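Observations on chain architecture
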Amino acid sequence: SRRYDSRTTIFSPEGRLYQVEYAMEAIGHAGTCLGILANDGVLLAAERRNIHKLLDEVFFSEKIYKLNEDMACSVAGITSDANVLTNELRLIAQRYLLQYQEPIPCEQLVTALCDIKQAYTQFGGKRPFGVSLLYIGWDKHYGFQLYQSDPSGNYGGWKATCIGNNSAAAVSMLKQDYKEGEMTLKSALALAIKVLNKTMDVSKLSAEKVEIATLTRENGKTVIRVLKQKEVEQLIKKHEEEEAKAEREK
Amino acid sequence: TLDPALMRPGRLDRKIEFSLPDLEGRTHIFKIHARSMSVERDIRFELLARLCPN
Amino acid sequence: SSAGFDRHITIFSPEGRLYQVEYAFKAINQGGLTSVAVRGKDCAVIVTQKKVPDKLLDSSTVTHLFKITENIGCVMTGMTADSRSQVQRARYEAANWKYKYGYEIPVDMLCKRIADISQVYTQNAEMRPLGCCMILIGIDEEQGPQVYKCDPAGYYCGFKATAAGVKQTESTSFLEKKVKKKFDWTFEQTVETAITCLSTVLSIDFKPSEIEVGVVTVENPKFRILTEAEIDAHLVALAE
Amino acid sequence: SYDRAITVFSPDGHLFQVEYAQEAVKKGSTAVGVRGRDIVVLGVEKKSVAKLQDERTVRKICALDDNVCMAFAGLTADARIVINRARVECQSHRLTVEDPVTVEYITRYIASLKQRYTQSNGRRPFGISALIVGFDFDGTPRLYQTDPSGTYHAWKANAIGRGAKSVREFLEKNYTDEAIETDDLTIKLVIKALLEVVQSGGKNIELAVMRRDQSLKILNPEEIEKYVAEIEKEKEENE
Amino acid sequence: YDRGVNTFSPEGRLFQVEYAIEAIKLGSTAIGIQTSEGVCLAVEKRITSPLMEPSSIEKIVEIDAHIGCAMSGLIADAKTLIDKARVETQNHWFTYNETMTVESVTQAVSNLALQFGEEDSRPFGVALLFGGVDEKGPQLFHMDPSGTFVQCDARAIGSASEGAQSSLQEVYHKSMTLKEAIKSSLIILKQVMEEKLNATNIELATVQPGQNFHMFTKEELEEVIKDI
Amino acid sequence: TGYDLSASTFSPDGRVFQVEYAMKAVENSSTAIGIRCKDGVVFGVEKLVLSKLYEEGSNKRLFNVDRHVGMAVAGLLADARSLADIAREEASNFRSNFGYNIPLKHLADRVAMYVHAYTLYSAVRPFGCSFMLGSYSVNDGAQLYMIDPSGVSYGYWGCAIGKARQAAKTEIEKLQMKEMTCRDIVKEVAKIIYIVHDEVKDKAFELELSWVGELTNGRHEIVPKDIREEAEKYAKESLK
Amino acid sequence: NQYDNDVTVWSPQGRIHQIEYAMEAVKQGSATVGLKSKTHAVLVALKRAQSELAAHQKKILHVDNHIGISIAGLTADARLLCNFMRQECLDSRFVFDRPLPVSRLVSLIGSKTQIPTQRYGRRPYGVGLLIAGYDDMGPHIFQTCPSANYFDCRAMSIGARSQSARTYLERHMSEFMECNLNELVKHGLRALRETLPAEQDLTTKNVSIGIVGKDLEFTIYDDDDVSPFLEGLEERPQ
Amino acid sequence: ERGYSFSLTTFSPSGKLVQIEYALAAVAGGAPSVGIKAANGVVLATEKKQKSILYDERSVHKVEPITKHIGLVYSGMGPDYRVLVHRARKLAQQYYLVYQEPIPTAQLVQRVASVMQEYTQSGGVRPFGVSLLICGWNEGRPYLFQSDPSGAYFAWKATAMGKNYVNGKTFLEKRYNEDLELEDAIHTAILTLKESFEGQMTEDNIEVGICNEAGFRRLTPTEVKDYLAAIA
C-alpha cells in the first residue's frame, strides 16, 4: 500500500540529497565526450563505447544529435533516457520558432530543459534522469558557446568541459594545455586527438572508436559538419608523426 | 536487579523510590548551590529551573 | 532468494523469475477438482465431476459447465468466486463482437481477449491475478472443432485432448498414450475415452450422478449439456 | 495525482524535512549584505572559479525588477524556480497596480510560496535562503531574508552559507553607524567581512551595490583590488 | 519509525495531533485578559539579534476592526489561518451588513483545524487567542490545533503556560478595571521572561467598546513601564 | 505471516488469508437458519439480549430488500446494512430498465460480484458478512440462496449461519422438505433455535421469524409474532 | 502488533483493532444520560471545564425543532457529523415539507460512518452520540458508536464511568413510563451523580438538560434554568 | 487505482538499475532465435518446441507480420510479447493515416522503444521481459534491428538471442561474411539454430519468416520440410 514506496523525495538525514547523488556518481562510467572552442568553430569528440564486428551504423550520427539547424548535443548516460530528452528538447526549440519566427538562443534552450529535469526530482517520487549532456551552437548575441548539463538540473557555460569520469585526467591536461583565442580547426582538432589518445585506453586510437562533429559559421548557414572517415585517419597519422618528431630530443 | 527472595516477607517489604522535582525541589537545589558562592543578590532561580525540565 | 518485495508483488526476482503468478497456478488445486477436454474428428467433449457434500444442497446450482454463447461452452476450475467473474467477462465480450463486427465470434479469438485481460492483472502490481483456469470448445466454419485453454499467466494454445484441474500429469500421460497410437475418433469413441481417462486417474468407477458432459457436434453446433439418463446410457454401453 | 504526505511531525514536537533542508543552506557559499540610508550593498564569496571557463552564467546575484535584488544560498536548481516565479509576480503586480512593487510585498510572495510548498503532499521542500534587497518609494533602503521553513524578517546585516555564524559574530562586534556613513567605507566593510570568512585572493569576491536610483552595477575587478588595498592599508596602521 | 499519520492510539488518543500540542510549548508566550471595560492582550517578541529590526516581528494581528489575535508556535502556519479569518468576516459583512461576532469567527477558523488527509497534509502548529467586542460585550476565546474551541476569561499560552496560569489565578477577580488588568499582565511577563522589560520586547493591544480600533505603540508603552 | 496483510498478495501455497480471516469473523456471531418448505421460505434468527441493552425490537437482522425478497444477515452488523442498501438499489434498477420483478438468481449474482470485487485490491477489505436470500414466485416456486464473504453463492434447502453451523444443520436434514407446509415449518424452526445455544453464556435471547411464500402472496413480511405465539409454546415442550 | 495499524487489515483472531481503539476514545469523554417516557425524551449531560476561569465545554447541541443530540468523542468529528445532520433535516424539509422520522435519519448516519471504516487512509469517526427525537410514533433514544452500530434503547449512558449510571437505570427502568417531567428529569440527574466522586456534584455550572416532547420544541437549559430543576434532591449516603 | 504512481525502479547505490538487469535475465533464459541480414532480404528464424504431442502448431505463431513488409520475432516471454505486438499494429496505423505511406522500419523502432522505455519510468508496473528482432525491406536496403527491456535499439548484421546466444554469436562471427544470397542465409540460419536444438528438427520444431524486397513472407511448413533436406 504505502510500504512499497522508495521515497526518492526526502532529504538525507545528513542534510543533502540521496538519490540524485547516485545518478551523478553513476554518470561518470562508460562514456567520454568533450568539446573545445577558442575561435570561430566548436567541436565535439565522442567515443564509441563498444565497436563489435557485427554492427551496421546506418545512421551516421550515433551519439551526436542535430537537435536544430544551429545546435547539437552529445549525450552520455542511459540510452533510453537520451531518446526521451532529445525528442523533448528538439520540440522545445521548434515551438519557439513558431511563436517568434526567430532561431532559439542557446541559453534559454538549456534553461528550458534543466527546469524539466529538476521538476521530476521534487514531486512525484519519479525516478530522476541519468543523463549529463553537452551543448554547442551559435547565436546572435555571443556566438559559439558550450554548456554542461547535470541530472540535478544544474548547468553552466564552459570552454573545455567533458562528461566521463575517465576524463578527470583530461581536464587536468586542459588546465595544463589550453589557449585563449588561438583555436584553429587544426589546433583544437589536434589537441582533441591528443586527449583521447592518453585518456582512453585504446591502443594507437583506432579511428572507428572515435567520432568528431564540428560546427562552423559559413555564410549565414551555420554548417554542422560531421566528418566521415579518412580525415580522421590522416589526423592520427599526423598526430603520431608529431609524437615521433618531438621524441627525437629524448 | 530485583530478587523475589528478598521481597519474601522477612527481608525487604517496603518500596520507596525517588522521583524528579516538580518545580520547587529544583529551585531549592539552586538555592543550595548558590549561597556558598558569590552571586548577585538580584537574580532569581525559578527561571533557570523552568529551562530545565528533566 | 528474495530481493525487494518479489515474494509479494508482481516484480522480478534475481533469478529472472517471479513468484505470485506461479503461486496462482497452484491456487487452482485448492479447488479439489479435475476436468478433461477431448476433441474428436467431429465433436468436442467436456467432462467434469462434482462433489456434493451436503444433502441440503441443490443438484442444479453446482455444475461448472457454463454457456458463453449459443455455439461456445466452457468449464471452470480453480476457485469459484474468481471463476464466475471470468465468465461474465467472456459473456460480455462475445456480445460486443456481434455488435461491432456483425458475425459470430470464433472460439480462438475469444481466448485472446481473455488472456489479454489476465496479462494486465499480472502486469500492474496493485491488483490480484485471479487464479482460475479456462477451457473452451466450439465448432468453427471450415476448421472443425477447437479446444483451447486460457491460463492466469495469460497464454493460450490449441489442443487435441488436454485436461486441467488437480490431476494432469497422470491425466495427460494417459491421453498421450491414447493419442499417439493413432486410433479412430468418431463420437462415442471420443466420449468413452473422456470417461475412462477420468475413470482410471481418479480410480472411482462411479455412479452416473457426479459427472457432466458438455459435447458440441458438427451436425448440431449448439452447446449442449447432456441429460443424466443419456450419461448413464453411454456408461453402460462402453461397459462390457 | 500523488497523495502522499512527506512532512510529518516528530514525537518530541519538531519536524524533519525543514531541519534537513536548512543543512543544504549550511552547505553553501556565503553571501552577506548590509544597508544604509542612501545606498545598499551585498556581496558573495566562494567563487572557486576554474579560471579557464565561462562566468557570465555563474552569476548568483540577480534582479526581480528595477528595484529588487537577489542573493541566495543552498542549492542552485531550486533557486532558479523561485526567481522565475518571483519575476512573474512583480510583473503582474505592476499590471494591476501601477506602482513599482514594494520590497515587502515580494518577500511575502516568496515566503507564502515556500510555506504552502512544505504544507502540501508529495513535495520536497525548497533548499534556498534568499537576501532580498531594494529601496522602496520615499527612499527607504531595507533588506529582508527568507528561510526554508517560510519565515522572514528584516535585518541590518545578514550572513548565510558555509560559516555564517563566524560572519554573524564578526558583524556583531561591528555595530557602528559611522561605517554606514561613507559609501566606500560600507563597501570595504563588506569586503572586510567577506575576507574574514573566505580566503579571498582578490578573485573570489563578487560585490554589487545599488544607489536607490539606478539598477545594480557589478563593480570592476580593479575596484575589488582597489578596495582590498585600502583595506590592507588601513589595517596596517595597527602600530 | 513510520506508522500511519491518521491512526488512533491503542490507548485511544491520536498520534500526530498529540505531537502538535507539544510543538506549541517551544513558542513565545502570550497573555490575554477579558475585562468588562475591555479586552487587553500581551505578548513577548523574543528578539534574537540587535541587527534584526524589531517591528518586522509581530504577534498581535488585527482581524476586522474590533478583533485582535495572538499567535504562538510556528509563524508561517499562522499566516494561513489569519488571512482566512480576515476574509470570512468580509464575506459576512458583504452578505449581511453586520459584523461577524467573535465566537462565530473562531467557529469558521476551527473547521479546517483537522481537515488534513490524502484526498479532498498535516495539522497546524499554532495556538490562537481571539479577543474583541461584539454585541455581547467584550469577549475572549482560545483555540488549539485539535480544533477544540473554548472561551476563557484570562488565558495564558506559550512557553510560560503552566506557571503563568498559576500566577494569574492568584490575582484575578470579576470586577477588574482596564488599567489594573494591563499592569497586572506585564508583572507576570517580566517574571517569566529572560531579558529585561523594555519598549522592544513586548507589545500590547487593547480593544474597548468605544475605542474599537485597538491602538498601542511605544512612548505610551514606556509610560506604562516607568509607572510600575 | 508476511503474506497475510493485503488482499492482493497470495500465500506461498496459494490462498488468501484476508478472506480466510473474514470467514471466521462471521463464525463468531449468533445463529441464523433458513429453510424452505414446498410453498415458501421461513427465516429464523437467534437474537441475543444481554441484560436490557435496548428495546424489544431494535437492530433486527431480518431485512426486507424487495417486495418478495428477504435477508438473514449474520456477522458484522454494520457491513450487513451496507449490503442491504446495495441489494435494494440493485433491484430498483432492474425495475427501471426492465419492469418485471427481479429474479432471485440474478440478485444472488449481482450482489456476490460486489462482494467479490472487495477481495482483490489492497485499498479495501473483504466484507465480514454472510446472509440468506429467500423469495417466492408463482412462476418459479421458492428459492433459497447463501453468500459467504468470498463470494461463493449458490442454492440450498436448509442452511445455517453463525456459531452453530454444523451443529444446527445436523438436525435440519432429519426433517422432510417437500412434504411440509411452511406453517408446520414455522414451529419446526423454533425448536432448533431452542435446541441449540444452551443459556450458559447468554441467558436472554429473542426469536425473530420471517416468512414469505404462498400464503403471504409472495409479499415478504415478519410472522405474526405476538399474534398466536405458537412457536415458543411448542418449542419449550422439549425439556427432556 | 504489525496488524494493528490500518483499518483495512483484518486479524488472525478476526477483529479489526482500529475500531476497538476508537471505542476507547469515547470512554475518554465525560458522561451523559439519555432516557425517555411516554411523551418526553429528556437527556442530561455533564460538562467539564479546562481551568477554574475557562468556560465549561458544551455537550448538548440543537439540530432541529424535534431532534437534539449529545456528544462523547472528538470535537472535530462532532461538528463534522453535526453539519451533516443539520443538512439532512432541512433537505427533507425543503423537498417533502415534513420533519424527518428519527429512525430513518440514523440509518443515514450509520451509512455515513461506514465508508471511512473500510477504505485505506481514512480514520473512523471517534465519537458516540445520544439522539433524542420525537415523531409520529413517539419519543426515541438512539445511541451510536464508531463501529457504526446504532441501538434503539430506552435509557443509556456513554462516556467515562457510565457503568454505574447503567446500573441505576436497570433497577429503575420500570418507573420511566409513568413520570411526567419533574420526576422524569430528577430520575436522570440521579444517574449522573453516581458517575461522580464523593466530593463534588452538579453545581448549575456543569450540567445541561435537553427536553423534547409532544407540544414541546427541543430546548437546551443551562446555568440559570437548572436551578428550578435542581431542587427536591438529596445527598448521597455513606 | 488510487493515485500512487510511484516508480518501483530506482538507482542502486552503485549507480545501476536493478529491475532492468533482472528483466534481461528472463530474456536470456528464453527460446533461442536468430536473424541474418544478407543484402537482398532478411531472414528471421525462431525455435518452437512443444512439451507434449498434444499441442497444436497451427495456433500460436512466433513470426508475426506488422505491415506488409515488416516482420517481428522475440526471445523473451510469451504473454508480454502479444501486448506490444498489438501496440505496434496500431502504432503503424497512425503513420499510415497521416502520411499515406508505409512506415519505414527505423521509424517503428523509434516508436516502439519509446513505448517501452516510458513504460519503465512510470509507476506501479514492471518492465517487459521480451527482446525483439524487427526487420523489413524498405527503400531498397533491407534492415534488421533489436530492442530490449531497457528500450534501446541496435542495428545488427546477424545476431542471436535466447539460450546459448553467445555460442550462436561466435558461430555467426565465423559463418557470416560481407554478403550472401537469401537462400544461403536461410541455410546458415537453420545451421545456427541447429546448434542448441534437440534431436527432432521437423517442419514443426522451427518457424521461419523472410522479408523479400517484394515484401514480407512467412514460410509454410511444406518448404521448411523441403529446405531442411541436407540442412546445415
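The paragraphs below set out a description of the structure included in this document. (Residues numbered from 1 in each chain as written, not as in the entry; some residues may be left out. Chains lettered and ligands numbered in written order. Part of a larger assembly, values for the part shown. Heavy atoms only, no water. Residues with missing side-chain atoms left out of burial classes, pairs and counts.)

Concerning the overall build of chain E
What counts here: What counts as a helix is a DSSP run of H or I of at least four residues, what counts as a strand is a run of E of at least two, and both are numbered from the N terminus. With C-alpha atoms as the basis for the radius of gyration, the globule rule is written as 2.2 Å multiplied by the number of residues raised to the power 0.38.
A tally of helices and strands in chain E yields 6 helices and 9 strands. In terms of overall size, chain E behaves like a compact globule, its C-alpha atoms giving a radius of gyration of 18 Å where 228 residues would be expected to give roughly 17 Å. Its C-alpha atoms give chain E principal-axis dimensions of roughly 55 × 45 × 40 Å.

Looking at the interface of chain C and chain H
Using the following cut-off: Whether two residues are in contact is decided by their heavy atoms, any of which lying within 4.5 Å being enough. Residues are grouped as follows: nonpolar covers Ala, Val, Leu, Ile, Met, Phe, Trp, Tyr, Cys and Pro; charged covers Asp, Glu, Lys and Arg; every other residue, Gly included, is treated as polar.
Facing 31 residues of chain C, the contacting portion of chain H comprises 29 residues. Sorting the residues of the side of chain C that touches chain H by element identifies helix 3 (107–123) and helix 4 (171–179) of chain C as the ones contributing at least two each. Residue contributions to the side of chain C that touches chain H peak at 6 residues, all from helix 3 of chain C. Broken down by class, the residue content of the side of chain C that touches chain H amounts to 15 nonpolar, 11 polar and 5 charged.

A word on the pattern of salt bridges
Inclusion rule: Salt bridge criterion: a side-chain nitrogen from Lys or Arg within 4 Å of a carboxyl oxygen from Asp or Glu. The rule is simple: take the accessible area with a 1.4 Å probe, protein chains only, and divide by the maximum for that residue type; under 20% is buried, over 50% is exposed, in between is partly exposed.
The full count for this structure, using the stated rule, is 51 salt bridges over all chains. Between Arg49 of chain A and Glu47 of chain A there is a salt bridge, with the nearest N and O atoms lying 2.9 Å from each other. Between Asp97 of chain G and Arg93 of chain G there is a salt bridge, with its nearest N and O atoms 3.6 Å apart. For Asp97 of chain G, a relative accessible area of 53% translates into the label exposed. Residues joined by salt bridges that share partners form a network here, namely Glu14, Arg16 and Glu21 of chain A.

Regarding a negative patch on the surface
The cut-off we apply is this: Each patch is built from residues lacking any salt bridge and having more than 30% relative accessible area; the joining distance is 9 Å for like charges and 5 Å for nonpolar side chains (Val, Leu, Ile, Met, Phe, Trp, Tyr). Methods summary: accessible areas were calculated by the Shrake-Rupley approach with a probe of 1.4 Å, and residue burial reflects only the protein chains presented. Counting rule applied: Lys, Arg positive; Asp, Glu negative; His and chain ends not counted. Throughout, a charge is located at the NZ atom of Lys, the CZ atom of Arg, the CG atom of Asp or the CD atom of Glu.
Taken together, the side chains of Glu57, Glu203, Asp204, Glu223 and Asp226 of chain H define an acidic patch exposed on the protein surface. Tracing the chain through its elements places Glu203 of chain H in the loop between helix 6 (182–193) and strand 9 (206–211).

Quick notes on the pairing of strand 1 (residues 31–34) of chain D
All names here are of chain D. Note the following rule: DSSP bridges decide pairing: two strands pair if at least two such bridges lie between them.
Side chains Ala31 and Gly33 of strand 1 all project onto a buried face; the interleaved residues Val32 and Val34 project onto the opposite face, where all are buried too. Note that strand 1 and strand 6 (residues 157–160) share 4 bridges and pair antiparallel. Across the sheet, the residue bridging to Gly33 is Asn158, located in strand 6. Here 4 bridges tie strand 1 to strand 2 (residues 40–44), and the two strands are oriented antiparallel to one another. Across the sheet, the residue bridging to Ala31 is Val44, located in strand 2. In this antiparallel pair of consecutive strands, strand 1 and strand 2, the connection spans 5 residues.

What about the arrangement of the chains?
Considering every one of the 15 pairs of chains in contact, the largest contact total is recorded for chains C and H. Regarding chain B and chain D, the two do not touch, and the least distance separating their C-alpha atoms is 13 Å. One finds no contact linking chain E with chain F; the least C-alpha distance across the pair is 13 Å.

Some details on the packing of helix 5 (residues 188–202) of chain C against helix 6 (residues 228–238) of chain C
Residue and element names in this part refer to chain C. What counts here: Only the stretch in contact is used when fitting a helix axis, every axis being a line fitted to C-alpha atoms; angles between N-to-C directions are given from 0 to 180 degrees. The cut-offs work like this: below 35 degrees is roughly parallel, past 145 is roughly antiparallel, 65 to 115 is roughly perpendicular, and the gaps in between are oblique.
Viewed as axis vectors pointing N to C, helix 5 and helix 6 meet at an angle of 90 degrees, and their least axial separation amounts to 10 Å. The angle between helix 5 and helix 6 falls in the class roughly perpendicular. Together, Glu188, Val191, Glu192, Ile195 and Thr196 of helix 5 and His234, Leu235 and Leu238 of helix 6 make up the contact between the two elements. Considering only residue class, the contact of helix 5 with helix 6 consists of 4 nonpolar, 2 polar and 2 charged.

Description of the state of the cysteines
Going by this rule: The rule for a disulfide is simple: a pair of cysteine sulfur atoms within 2.5 Å.
Tallied over the entire structure, the rule returns 1 disulfide over all chains. Between the sulfur atoms of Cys37 of chain F and its disulfide partner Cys182 of chain F the distance amounts to 2.0 Å. Linking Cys37 of chain F and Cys182 of chain F, the disulfide has an S-S dihedral of approximately -110 degrees and is accordingly described as left-handed. In this pair, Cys37 of chain F sits in strand 1 (residues 32–37) while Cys182 of chain F sits in helix 5 (residues 182–195), placing the two residues 145 residues apart along the sequence. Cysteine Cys162 of chain A is unpaired, with the sulfur of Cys33 of chain A as its nearest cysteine sulfur at 9.1 Å.

Here's the deal with the nonpolar core
All names here are of chain E. Convention followed: To define a nonpolar core, start from buried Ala, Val, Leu, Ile, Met, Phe, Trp, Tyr and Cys residues and group those joined through side-chain atoms within 4.5 Å.
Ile31, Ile182, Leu189 and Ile202 are the most contacted members of the largest nonpolar core, which totals 26 residues. Those elements that provide at least two residues to this core are strand 1 (30–35), strand 2 (38–44), helix 4 (162–170), helix 5 (178–192) and strand 9 (202–204). By residue number, the principal contributor to this core is helix 5, which donates 7 residues. The residues touching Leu189, leaving out its near neighbours within four places in the chain, are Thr29, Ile31, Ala42 and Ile202.

As for the side chain of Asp6 of chain C
Residue and element names in this part refer to chain C. Threshold: Under the rule applied, a polar contact is a pair of N or O atoms within 3.5 Å (in protein, one hydrogen donor and one hydrogen acceptor; residues adjacent in sequence only if both atoms are side-chain atoms).
Its location among the elements puts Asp6 in the segment before helix 1 (20–25). Although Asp6 lies buried, it forms no salt bridge, and the closest oppositely charged side chain, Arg7, sits 4.5 Å away as judged by the N-O distance. A polar contact is formed between the side chain of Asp6 and the side chain of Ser2, at a distance of 2.5 Å. There is a polar contact of 2.9 Å between the side chain of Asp6 and the backbone nitrogen of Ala3. For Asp6, the contacting residues outside a window of four places in its chain are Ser1, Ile11, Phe12, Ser13, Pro14 and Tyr19.

Remarks on the pairing of strand 7 (residues 210–215) of chain A
All names here are of chain A. Across the 6 residues that make up strand 7, a large majority, 6, are buried. Because side chains alternate across strand 7, one face comprises the buried residues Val210, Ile212 and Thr214, and the other comprises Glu211, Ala213 and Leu215, equally buried. Both strand 1 (residues 42–47) and strand 7 contribute to a ladder of 6 bridges, which runs antiparallel. The partner of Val42 across the bridge, within strand 7, is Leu215.

Let's talk about the sheet that holds strand 10 (residues 155–158) of chain G
Residue and element names in this part refer to chain G. Strand order in the open sheet made by the 5 strands is 10-1-2-11-12, with antiparallel pairing throughout. Edge positions in the open sheet fall to strand 10 and strand 12 (219–222), since each of these has one partner strand only. Between one strand axis and the next, the sheet turns by 15 degrees as a mean value, whatever way the strands run. Judged from the 4 bridges that link them, strand 2 (residues 43–46) and strand 11 (residues 207–211) form a sheet pairing that is antiparallel. Opposite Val44, over in strand 11, you have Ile209 as the bridge partner. Packing of helix 4 (residues 163–170) onto the sheet brings it into contact with strand 1 (32–35) and strand 10, and relative to strand 10 it is tilted by some 170 degrees. Running at roughly 150 degrees to strand 1, helix 5 (residues 182–192) makes contact with strand 1 and strand 2 of the sheet.

Some details on a nonpolar patch on the surface
A cluster of nonpolar side chains, namely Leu2, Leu6, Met7 and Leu12 of chain B, defines an oily patch on the protein surface of about 350 Å² accessible area. Note that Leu2 of chain B resides in the segment before helix 1 (24–35).

A short note on the sheet that holds strand 5 (residues 61–62) of chain G
Residues and elements named next belong to chain G. Within the open sheet, the 5 strands sit side by side as 5-6-7-8-9. Their pairing is antiparallel. Of all strands in the sheet, those with a lone pairing partner are strand 5 and strand 9 (151–153), marking the two edges. Pairing of strand 5 with strand 6 (residues 67–69), which is carried by 2 bridges, proceeds in the antiparallel orientation. Its bridge partner being in strand 6, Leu61 is matched across the sheet by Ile69. Sheet contacts for helix 3 (residues 102–112): strand 6, strand 7 (130–135) and strand 8 (138–143); angle to strand 7, the most-contacted strand, approximately 145 degrees.

Notes on the packing of aromatic side chains
Note the following rule: A pair of aromatic rings is counted whenever rings of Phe, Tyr or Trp (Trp by its six-membered ring) have centres within 6.5 Å, and the orientation is called stacked for planes under 30 degrees apart, edge-to-face for over 60 and tilted otherwise. Definition used: whenever NZ (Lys) or CZ (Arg) falls within 6 Å of the ring centre and also within 35 degrees of the ring normal, the charge is taken to sit over that ring.
For the coordinates displayed, the defined rule picks out 26 aromatic pairs over all chains. Ring geometry for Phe154 of chain H against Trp156 of chain H: centres 6.4 Å apart, planes inclined by 45 degrees, an arrangement best described as tilted. Its relative accessible area of 13% is what places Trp156 of chain H among the buried residues. One aromatic cluster in this structure is built from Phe59 of chain A together with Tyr143, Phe145 and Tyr153 of chain H. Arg123 of chain D extends its terminal NZ or CZ atom over the ring of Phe123 of chain A, reaching a point 5.5 Å from the ring centre.

Brief notes about the side chain of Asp4 of chain G
Residue and element names in this part refer to chain G. As for its position among the elements, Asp4 is in the segment before helix 1 (17–26). It is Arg15 that comes nearest to the buried, bridge-free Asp4 among opposite-charge side chains, at 8.2 Å. Only 2.6 Å separates the side chain of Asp4 from the side chain of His17, close enough to count as a polar contact. Setting aside its immediate chain neighbours within four residues, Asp4 contacts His17, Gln18 and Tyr21.

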